[PDB]
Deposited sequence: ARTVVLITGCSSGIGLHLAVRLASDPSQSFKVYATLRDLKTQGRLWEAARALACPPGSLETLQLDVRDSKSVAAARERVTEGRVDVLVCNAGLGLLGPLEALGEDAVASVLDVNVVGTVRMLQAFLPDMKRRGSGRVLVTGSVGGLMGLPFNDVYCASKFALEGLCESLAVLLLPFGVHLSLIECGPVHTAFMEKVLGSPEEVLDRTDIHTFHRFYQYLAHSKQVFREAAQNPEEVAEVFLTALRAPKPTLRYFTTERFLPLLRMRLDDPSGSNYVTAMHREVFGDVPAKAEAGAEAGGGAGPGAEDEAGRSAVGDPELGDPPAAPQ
């Protein structure tokens, strides 16, 4: 009767703010399964549920570790209503660093959670929406998935993954009535050891990089309430595009990339942009 939305990565951030945005929706039109990797981190989801008075039962938490498709099954399974109208693949790890300084493990995890996690979700939830010929899938994307960001190699590698993965799928899903969208956000409100794992020139660059992106964060970070609302623009659109941008800020920079397919104007721009 109500629209059933299942969302991953709800402990904090986009997923949190979105989950309680949907649950407290005044029309009371949404049933929200907020998922989290561990139930113990559900403190902020509930505090924030209370504060926006979500009615009882507009909001349920499940454990869902996307690294593990037996968790994925056990949570599809807890879906009382036996369907999911709206699936929001939000779970995401970042990773910041000189590439030599990253552990092989962390690199593996970021791709497992971000890319393979999302693959597991879809495999679990797609087939049901496909039969039924209705379903909305929304995927938190990033500007890092649209253009390469120094020191965010693997992060970007995993964000691009999702562009390609979603692009491919969408060309197949066109006339199924099943709708997929990426929601592209820009930013959103120990040194010694990195020094161990690399040279001094890189490290100095890393420092330069962080001081730069401190600035952009302060001057350009959005409210997740502003971000969150872009997913309901998408989930209510009668004919949704494959892609939504939370901001136009990075559109001039993306275009430069898009008009120089050799990649190297964009390489120049982004270099001066971050190392002055």
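> Which segments of the deposited sequence lack C-alpha coordinates in the modelled structure, numbering from residue 1?
Unmodelled stretches: 190-198, 286-327.
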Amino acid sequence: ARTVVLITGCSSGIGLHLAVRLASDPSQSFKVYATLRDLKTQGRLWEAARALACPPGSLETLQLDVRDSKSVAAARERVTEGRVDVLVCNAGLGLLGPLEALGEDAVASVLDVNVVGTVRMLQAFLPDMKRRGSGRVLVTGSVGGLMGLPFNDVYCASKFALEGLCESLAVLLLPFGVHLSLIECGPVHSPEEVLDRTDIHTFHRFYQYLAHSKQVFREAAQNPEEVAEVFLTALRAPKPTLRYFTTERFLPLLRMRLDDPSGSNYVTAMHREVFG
From here on, numbers count along this sequence of modelled residues.
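Rigid core here is just the name for the largest C-alpha set that superposes within 1.5 Å across the two forms.
> Quick one: core-superposed, which stretch strays further from the shown model in 7 other deposited structures of this protein, 175-183 or 190-198? Go by RMS C-alpha distance.
Once the cores are fitted, 190-198 deviates more in 7 other deposited structures of this protein.
> On average, which has the higher Cα B-factor in the deposited entry, 131-139 or 154-162?
Higher mean C-alpha B-factor in the PDB entry: 131-139.
> Going by the mean C-alpha B-factor recorded in the entry, which is higher: 28-36 or 212-220?
Comparing 28-36 with 212-220, the higher average CA B-factor belongs to 212-220.
> Per the coordinate record, which of the options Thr80, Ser181, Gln123, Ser109 holds the highest CA temperature factor?
The C-alpha B-factor peaks, among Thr80, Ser181, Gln123, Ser109, at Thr80.
> Quick one: which of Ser71, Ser168, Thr198, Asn114 shows the highest Cα temperature factor in the PDB entry?
Among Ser71, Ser168, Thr198, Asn114, the PDB entry lists the largest C-alpha B-factor for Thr198.
> Lowest, middle or highest third: which one holds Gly94 when the chain's residues are ordered by CA B-factor from the entry?
Lowest third - that is where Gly94 ends up once the chain's C-alpha B-factors are sorted.
> By the record's CA B-factor, is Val4 among the lowest, middle or highest third of residues in the chain?
Ranked within chain, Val4 CA B lands in the middle tercile.
> If you rank the chain by CA B-factor, which third does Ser264 end up in: lowest, middle or highest?
Highest third, going by the recorded CA B-factors of the chain.
> Pull the Cα B-factor of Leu251 out of the PDB entry and bin it into the chain's lowest, middle or highest third.
It belongs to the highest third of the chain when residues are ordered by C-alpha B-factor.
> Please rank the C-alpha B-factors of the chain's modelled residues and tell me whether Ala49 sits in the lowest, middle or highest third.
Tercile = middle for this residue's CA B-factor.
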